[PDB]
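Accompanying notes for the structure given below.
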Amino acid sequence: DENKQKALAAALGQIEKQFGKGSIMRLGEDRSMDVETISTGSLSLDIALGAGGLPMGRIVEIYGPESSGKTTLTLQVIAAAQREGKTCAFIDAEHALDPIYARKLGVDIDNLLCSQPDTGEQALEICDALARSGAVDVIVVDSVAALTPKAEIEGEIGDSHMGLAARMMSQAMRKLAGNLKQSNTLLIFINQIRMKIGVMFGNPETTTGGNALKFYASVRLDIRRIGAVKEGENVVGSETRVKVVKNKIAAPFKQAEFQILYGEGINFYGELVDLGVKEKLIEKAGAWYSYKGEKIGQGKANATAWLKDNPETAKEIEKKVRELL
Amino acid sequence: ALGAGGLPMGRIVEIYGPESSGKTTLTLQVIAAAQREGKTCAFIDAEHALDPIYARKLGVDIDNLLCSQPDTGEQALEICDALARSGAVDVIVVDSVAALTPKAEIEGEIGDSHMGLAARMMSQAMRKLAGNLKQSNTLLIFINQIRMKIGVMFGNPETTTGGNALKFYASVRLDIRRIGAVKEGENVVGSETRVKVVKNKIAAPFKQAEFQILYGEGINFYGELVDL
Amino acid sequence: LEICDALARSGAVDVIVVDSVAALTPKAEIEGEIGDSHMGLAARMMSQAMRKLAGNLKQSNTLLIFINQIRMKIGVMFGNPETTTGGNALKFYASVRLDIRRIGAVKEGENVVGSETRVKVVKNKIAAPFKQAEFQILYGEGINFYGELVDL
Amino acid sequence: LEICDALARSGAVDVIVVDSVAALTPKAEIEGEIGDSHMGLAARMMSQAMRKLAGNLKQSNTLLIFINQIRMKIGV
Amino acid sequence: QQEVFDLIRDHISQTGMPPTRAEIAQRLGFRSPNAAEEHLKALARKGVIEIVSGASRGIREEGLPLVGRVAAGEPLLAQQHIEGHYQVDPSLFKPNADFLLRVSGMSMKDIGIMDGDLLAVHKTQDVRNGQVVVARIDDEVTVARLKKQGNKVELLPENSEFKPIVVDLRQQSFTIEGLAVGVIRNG
Amino acid sequence: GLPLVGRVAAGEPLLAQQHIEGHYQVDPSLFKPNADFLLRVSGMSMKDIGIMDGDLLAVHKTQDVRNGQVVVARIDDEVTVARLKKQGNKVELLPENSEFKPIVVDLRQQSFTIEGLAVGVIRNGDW
Ligand SMILES: Nc1ncnc2c1ncn2[C@@H]1O[C@H](COP(=O)(O)OP(=O)(O)OP(O)(O)=S)[C@@H](O)[C@H]1O
Ligand SMILES: Nc1ncnc2c1ncn2[C@@H]1O[C@H](COP(=O)(O)OP(=O)(O)OP(O)(O)=S)[C@@H](O)[C@H]1O
Ligand SMILES: [Mg+2]
Ligand SMILES: [Mg+2]
Numbered sequence: 035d036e037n038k039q040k041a042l043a044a045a046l047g048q049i050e051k052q053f054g055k056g057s058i059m060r061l062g063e064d065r066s067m068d069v070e071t072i073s074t075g076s077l078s079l080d081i082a083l084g085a086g087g088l089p090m091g092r093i094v095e096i097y098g099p100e101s102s103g104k105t106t107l108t109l110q111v112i113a114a115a116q117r118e119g120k121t122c123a124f125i126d127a128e129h130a131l132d133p134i135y136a137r138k139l140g141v142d143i144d145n146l147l148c149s150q151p152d153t154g155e156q157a158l159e160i161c162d163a164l165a166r167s168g169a170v171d172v173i174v175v176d177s178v179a180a181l182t183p184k185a186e187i188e189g190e191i192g193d194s195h196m197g198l199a200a201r202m203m204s205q206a207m208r209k210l211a212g213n214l215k216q217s218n219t220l221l222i223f224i225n226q227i228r229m230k231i232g233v234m235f236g237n238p239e240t241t242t243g244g245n246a247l248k249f250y251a252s253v254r255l256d257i258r259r260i261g262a263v264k265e266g267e268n269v270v271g272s273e274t275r276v277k278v279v280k281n282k283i284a285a286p287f288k289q290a291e292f293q294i295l296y297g298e299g300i301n302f303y304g305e306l307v308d309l310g311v312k313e314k315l316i317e318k319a320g321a322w323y324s325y326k327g328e329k330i331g332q333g334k335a336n337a338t339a340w341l342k343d344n345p346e347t348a349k350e351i352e353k354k355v356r357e358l359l
Numbered sequence: 002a003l004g005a006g007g008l009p010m011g012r013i014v015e016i017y018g019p020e021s022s023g024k025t026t027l028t029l030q031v032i033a034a035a036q037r038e039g040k041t042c043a044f045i046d047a048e049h050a051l052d053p054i055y056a057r058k059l060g061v062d063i064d065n066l067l068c069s070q071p072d073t074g075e076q077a078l079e080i081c082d083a084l085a086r087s088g089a090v091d092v093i094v095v096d097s098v099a100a101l102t103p104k105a106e107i108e109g110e111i112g113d114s115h116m117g118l119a120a121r122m123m124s125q126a127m128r129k130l131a132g133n134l135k136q137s138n139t140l141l142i143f144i145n146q147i148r149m150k151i152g153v154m155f156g157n158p159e160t161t162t163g164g165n166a167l168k169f170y171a172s173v174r175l176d177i178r179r180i181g182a183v184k185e186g187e188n189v190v191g192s193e194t195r196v197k198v199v200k201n202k203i204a205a206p207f208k209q210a211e212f213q214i215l216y217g218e219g220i221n222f223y224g225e226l227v228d229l
Numbered sequence: 003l004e005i006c007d008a009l010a011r012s013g014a015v016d017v018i019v020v021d022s023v024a025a026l027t028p029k030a031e032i033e034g035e036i037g038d039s040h041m042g043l044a045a046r047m048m049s050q051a052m053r054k055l056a057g058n059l060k061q062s063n064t065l066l067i068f069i070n071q072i073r074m075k076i077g078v079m080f081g082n083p084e085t086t087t088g089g090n091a092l093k094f095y096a097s098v099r100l101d102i103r104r105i106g107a108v109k110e111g112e113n114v115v116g117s118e119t120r121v122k123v124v125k126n127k128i129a130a131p132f133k134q135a136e137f138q139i140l141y142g143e144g145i146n147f148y149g150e151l152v153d154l
Numbered sequence: 003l004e005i006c007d008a009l010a011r012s013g014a015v016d017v018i019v020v021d022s023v024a025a026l027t028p029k030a031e032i033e034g035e036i037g038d039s040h041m042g043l044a045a046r047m048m049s050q051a052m053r054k055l056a057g058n059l060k061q062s063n064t065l066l067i068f069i070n071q072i073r074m075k076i077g078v
Numbered sequence: 005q006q007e008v009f010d011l012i013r014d015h016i017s018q019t020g021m022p023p024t025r026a027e028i029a030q031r032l033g034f035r036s037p038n039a040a041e042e043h044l045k046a047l048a049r050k051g052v053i054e055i056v057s058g059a060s061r062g063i064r065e066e067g068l069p070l071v072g073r074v075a076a077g078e079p080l081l082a083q084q085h086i087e088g089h090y091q092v093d094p095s096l097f098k099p100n101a102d103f104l105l106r107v108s109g110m111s112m113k114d115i116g117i118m119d120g121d122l123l124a125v126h127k128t129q130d131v132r133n134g135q136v137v138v139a140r141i142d143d144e145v146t147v148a149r150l151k152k153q154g155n156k157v158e159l160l161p162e163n164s165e166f167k168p169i170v171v172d173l174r175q176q177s178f179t180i181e182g183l184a185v186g187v188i189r190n191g
Numbered sequence: 009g010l011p012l013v014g015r016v017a018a019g020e021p022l023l024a025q026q027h028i029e030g031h032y033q034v035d036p037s038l039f040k041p042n043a044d045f046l047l048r049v050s051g052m053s054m055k056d057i058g059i060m061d062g063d064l065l066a067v068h069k070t071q072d073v074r075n076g077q078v079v080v081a082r083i084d085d086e087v088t089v090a091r092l093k094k095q096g097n098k099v100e101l102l103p104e105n106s107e108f109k110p111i112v113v114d115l116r117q118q119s120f121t122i123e124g125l126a127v128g129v130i131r132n133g134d135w
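If you want it as structure tokens, here you go:
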């Protein structure tokens, strides 16, 4: 009935007048809802996340035990962001970042912003300021276990201070989300594990700093160490696994695996070997691997070296793997 | 389970629970079901986290759905007031009560205490929305989040957000949980659910329902048919 | 409140129930926006209504029952933090005040069939105050009289 | 830990050493009796302590060395 | 402590008021109110005492709590959620029961547990071959009879239609959650 | 607590004093119709439905019964647990096991007697 349509148009117009153009519109016409992603620095994890990376404008959480590889993963993410021209920022609340190693991983330290907040409040305030600034594209927070309320710093060891950090996190997310979506900024939180007392059933692990972040997060990643990597009697890397334990973009509960080699970072070409084997582009022959008939080498390390020394074949392999998966 | 066959018209509802439990999927399925009968539906996304393509997979007419992403709680509630007095919209969804934020809080710093403001704003909202919703015959659904209550020695420590008005004004209240996984071989393709009725003004309360949610599809209808 | 007044003045209505003193709203709030401050408007309105209705109610012999709601007093150090909406006027005029509270459940196997309810008399001017009462409300039946009789 | 923080804030001490962490008894455990349950209290204290010391140490440029003991995990 | 609770129970009746924390501490034989405060808090956390604004609100039990599910067949998700209680004596069961679990599947039919039943568990981590136990294998729970040898553990069925489940400790994590002690059925 | 019925001799009700094993405080409201008392059984004859030797079977006492229900009854003044199927003037008590066979004794010679339904099962035996 047209008497309904006239009322509908009148109401929409009045809303738009009071609150401005673009306050309300058909969901099939709003191009700002479309999702956009940036690379995570490993092909396997980008496959695990269905859309091909981390979404812009959302919130992301990463946690694991100690020496898992969180900081190196986030530095590798920053690195790939900057090579496309974007601006980044780092907040080292634990007071432990190392410029030289961050350079070796590939970050450009002459343009990366940094900050070592005295308290958690100013950490979150700096994050809000940067988001409103509209000129920073990636932000990462070193640890939510280092974000002290101002009362704790001025108090004494042993005071209760019960539940303050949870209130801080709740207020922070509640205020930030809109600014981060307007400015098209990606924010990553790192978190440590603790253990619950008194739980009688289930996994007794937990993460620090209240429980609003898990509601407001869009992707949650879990990173753990599973083995050593050796060239002789001396270790040179670590085996890793990643679980996508939450997802608002594609289907959750997938896994990724890769190596982290000290001084270098994530080993990209090992992923090409593994995925070429999976997609039948690389012919496995027992301990020997062959590509299009030719024997490239024996063992994973040898095959990776062969690929490193023969760029064109690695190129075509990477493009085909991208096309299939 | 609901007793009367579904959610009533011209009244307020509240669906809450833990995270990754199925609130958004359920509400989008309600919207999609209503649009096959010719009604007009709207979505207020305060958390800035809706995904349009996935809303098309479940069935929503994305081209005929009104979406608004407000800045503050007051504006978000005033848009609902305008729609309720329009007389043309038949379903409204507010993504979360937690995301609503008084304007005075947006201006302040992150340590500022705005003690008690959100609850008062909500208690005004209900007072103003109750009459118009009935006059216009509009269903309004609130979604909520769970927080723990400190200082409870014994008993249940959970609690929802936003004060106490919504409990008194809500005609139905649904609690939704995830209880298991659904697998094809070694893969995971869905999640088992249990929905409990905790307040009900149109039939007896404290009933239940169990179904499946399959990623990329809606609720599993034929499994419910088999079990029934 | 004008409907209440007119029915009281008609002389032919013997019980009037108002379903929530919280859901009563002044016009200023109705025509305003969400977020404004209309402090004390409802309280003043209710006080006026009370002092206007007191005489008519007795003149025509009608019983007027208000239902209310709970809210929390904020930042209270010691005492009870619960409160009722609508100002302090209604507490003075009331001839009896009742608090009803649910305290348990009625079960048959795995099925909940009803509720167990405490009730208290926190103010009374027809007899002594502070007596309790207890009974069951079973869906579809209301108060269970015969259980009360079996107990008494 | 209070003494540690007090010397860290001063900016005049370059090295602090804590002889053992297995001996840092909480106050509530000191005033109680043997056999009382004090589930997970020293751990909470230690988390608070690290949270409060991490910044003062780097600002003042001091090195803090913790010595620790070994125990067994039952039922592994 | 029980003695502390008794001290309030009789002191309040004898004098009409609860004793002060200093009085309780002095009776306990230590020079600190913390001695009384710790016990008062422990009783309060037990659900026996109420506290408001640092003072006792009063001196004012539901049985075994049903906590989660468990799978007789393939492993099932582990997630604690205390949905309700049941009023039944711990003393009934051989080692004292601690909580209840809901059973799905039919892989223990012969012994006498079946779909939809409640299983009483006694919390512990010391168990030996041949007992009925509950195990978690990478955040999923199962109930079966144990047979441990070397680096592999066998979780056997008690129904000829089901085959045993075997886990290698070098690939998956294995934690024993308790020991089964009985069953309650109400369906 | 609720009384427990152990071994039962003929000529007296199940709840006779010498039949009382003791008191176990189990809330009677847990079961669909209120449980009145408990009764130990040697349940080799009802295995397939999950009843075993040594377990306890809760009973809500009543003489009313319908078809298809599991009932505690007496034949020859002897206690037994079995399901009921009625032909008319004749009625048979049936097992739920793979090796047992029906009971159709003649009422004119020996009549069946009901004491209550079976509402639920509780056990504490060795595993
Ligand atoms: N500057 C470095 N030079 C060589 N190896 C390093 C360096 N920094 C870290 N590593 C190692 O390479 C792996 C990287 O793990 P990390 O990046 O430190 O993750 P992390 O667990 O978040 O760090 P924390 O703050 O100690 S928990 C680990 O094996 C490190 O020991
Ligand atoms: N775009 C998607 N593609 C595939 N699966 C999805 C997608 N979005 C959500 N899911 C999954 O469907 C399940 C329920 O998702 P939701 O309905 O969004 O849950 P929710 O509890 O209402 O929202 P929050 O933010 O977690 S509280 C979850 O397991 C999701 O992982
Ligand atoms: Mg790190
Ligand atoms: Mg949602």
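Protein chains in written order, with my numbering: chain A, 35 to 359; chain B, 2 to 229; chain C, 3 to 154; chain D, 3 to 78; chain E, 5 to 191; chain F, 9 to 135.
Backbone N, C-alpha and C fix where the C-beta goes; we use that ideal spot for every residue, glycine too.
Pull up the CB-CB distance for A/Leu77 and A/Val276, whole angstroms please, since I reckon it's below 8 Å.
That belief does not hold up - the Cβ atoms of A/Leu77 and A/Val276 are roughly 12 Å apart, past 8 Å.
Just curious, the beta strand (DSSP E) that A/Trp340 is in, first and last residue?
Here A/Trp340 belongs to no beta strand (DSSP E); instead the alpha helix (DSSP H) covers 334–343.
Identify every residue that forms a DSSP beta bridge with B/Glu211.
Bridge partners of B/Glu211: B/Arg195.
Please list, following the chain, all residues that have a C-beta closer than 6 Å to any non-hydrogen atom of ligand 4.
B/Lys24, B/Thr25
When the distance is taken between beta carbons, is A/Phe53 closer than 8 Å to B/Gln146?
Between B/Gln146 and A/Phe53, the C-beta gap is not smaller than 8 Å, which leaves the two residues out of contact.
Using only the alpha-carbon positions, how far apart do E/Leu47 and E/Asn38 sit?
14 Å
Cβ of E/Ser57 within 7 Å of any heavy atom in ligand 2?
no
Any beta carbon of chain D sitting closer than 8 Å to that of E/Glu181?
Among the residues facing chain D, E/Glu181 is not included, as its CB has no counterpart in that chain under 8 Å away.
Use the C-beta contact count for B/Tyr223: other C-beta atoms within 10 angstroms, 16 or more gives buried, fewer gives exposed.
exposed
Less than 8 Å between the beta carbons of B/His49 and A/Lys280, yes or no?
Their beta carbons are not under 8 Å apart, which means B/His49 does not touch A/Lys280 by this criterion.
Answer yes or no: do B/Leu84 and A/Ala45 have a C-beta to C-beta separation smaller than 8 Å?
yes
Using a 10 Å radius around the Cβ and a threshold of 16 neighbouring Cβ atoms, would you call D/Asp38 buried or exposed?
exposed
I think F/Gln33 touches E/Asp102, with their Cβ atoms under 8 Å apart; what is that distance to the nearest whole Å?
Contact flag wrong, Cβ pair sits at about 19 Å.
Does any heavy atom of ligand 2 sit closer than 7 Å to the C-beta of E/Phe97?
no
In angstroms, rounded to a whole number, what distance separates the CA positions of A/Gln110 and A/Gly299?
CA-CA distance, A/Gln110 to A/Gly299, rounds to 8 Å.
Which term fits D/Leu55, buried or exposed, when burial requires 16 or more other beta carbons within 10 angstroms of its beta carbon?
Buried, since its Cβ has 16 or more Cβ neighbours within 10 Å.
Could you say which of B/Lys202, B/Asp228, B/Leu215, B/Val227 lies nearest to B/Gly7 if we only look at CA atoms?
B/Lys202
Checking the sheet assignment: what are the DSSP bridge partners for A/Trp322?
A/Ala319, A/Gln332
Relative to ligand 1, is the shortest distance from any of its heavy atoms to the C-beta of A/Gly243 smaller than 7 Å?
no
Kindly indicate if chain E contains any beta-carbon less than 8 Å away from that of F/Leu46.
no
Excluding sequence positions up to five away, which residues of its chain have a Cβ less than 7 Å from the Cβ of A/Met203?
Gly243, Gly244, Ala246, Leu247
Of the residues B/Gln76, B/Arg174, B/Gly18, which one's Cα is nearest the Cα of B/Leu141?
B/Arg174
Let's test the definition: count the other Cβ atoms within 10 Å of the Cβ of F/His31 and tell me whether it reaches 16, buried, or not, exposed.
exposed
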